[PDB]
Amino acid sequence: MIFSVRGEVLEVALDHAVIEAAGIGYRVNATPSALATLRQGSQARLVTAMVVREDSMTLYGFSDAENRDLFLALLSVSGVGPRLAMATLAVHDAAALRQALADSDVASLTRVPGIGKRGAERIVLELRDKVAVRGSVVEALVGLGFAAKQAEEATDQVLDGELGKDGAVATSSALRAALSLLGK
């Protein structure tokens, strides 16, 4: 639910920072690259992922949304939890990790401590395949559950909703028109 924490850095440690937002100091477990520019007394915005478990609520902090999304993708692999996903991002930068998934570079993934040959192969197996107005509307309709390329049918059908040629009429209006059509 918490996608970022912005406020005064109260503490910077080698594995976390405390950021005070509206009087609340949030402990954010962060990668060394996210912590790099953080200094005590300075204002900072850390991009975060909140992990909720029965006996814990923990924030993980990243230098950007790309690394945060990679952390969440790592977390979706069975056998990979928050500590291992953070260790992976501490060793590999976003581009290096994204590259290792595309090239099935099990050897670089095993450089992360806690990730052995089996774990690296599971990560590659799970994340290799999981790593303009028309494309966005189709993507949003597929995201809503309109499967088997039916999103393409109702999006190309709203080719009449441009009488005075509005360029693209924005993705928000093109999606509302396709959804209106899909609901009969």
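Position 1 is the first residue in the sequence shown; the rest follow in order.
S.K.: Would you mind checking whether any residues of the deposited sequence sit unmodelled between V131 and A132, and how many (none, 1 to 3, 4 to 9, 10 or more)?
M.R.: Per the deposited record, the segment joining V131 and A132 lacks coordinates for 10 or more residues.
S.K.: Per the PDB record, is the mean Cα temperature factor higher over 4-12 or over 175-183?
M.R.: Taking the mean C-alpha B-factor of 175-183 and of 4-12, the larger value falls to 175-183.
S.K.: If you average the Cα B factors in the entry, which is higher, 28-36 or 145-153?
M.R.: Result of the comparison: 145-153.
S.K.: Choose from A49, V52, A44, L159 the residue with the greatest Cα B-factor as stated in the PDB record.
M.R.: Answer for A49, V52, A44, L159: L159, with the highest C-alpha B-factor.
S.K.: Which third of the chain holds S56 when residues are ordered by C-alpha B factor: lowest, middle or highest?
M.R.: For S56, whose C-alpha B-factor we compare with every modelled residue in the chain, the answer is the lowest third.
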